[PDB]
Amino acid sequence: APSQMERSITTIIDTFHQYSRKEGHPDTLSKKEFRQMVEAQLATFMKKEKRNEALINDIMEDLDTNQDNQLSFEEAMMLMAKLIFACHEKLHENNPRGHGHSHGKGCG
C-alpha cells in the first residue's frame, strides 16, 4: 500500500508532469507552463506570486540555471525544496509553545 509519504512524492512528480507535457519538451516547464503551475498549484504558498507576474519572472530566471528558458525537473525541485524548508519554518512559527492549546494555521 502507498503511504502518505509515498503519495506526496508521487503527487509532486505527477503535478510537475501535468504542466511539463503541455508544450515544448514534455519533461521541462516553459515560462507559460511554470506560471500556469505556480498560479494553479502554489496559490496559497505563493499568494503574492500568483497575482504579481513580476515575481514569477524573477523566480523563473533564478531557477533556470543553464539559461535555456525552461525548467528541468532538477531546476524546478530547487523551488520545491525552498518551499518545504520555508513551510517547515513557518509551521514552527505558527505553533508557539507554552500557550496550553493547539494551533491550526499550518504554513503559508
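Numbers follow the displayed sequence, beginning with 1.
- For the two regions 51-59 and 27-35, the entry's Cα B-factors average higher over 51-59.
- When the two stretches 38-46 and 66-74 are set side by side, the higher mean Cα temperature factor goes to 38-46.
- Remark: residue 103 belongs to the middle third of its chain, ranked by C-alpha B-factor as recorded.
- When the modelled residues of the chain are ordered by C-alpha B-factor, residue 94 sits in the middle third.
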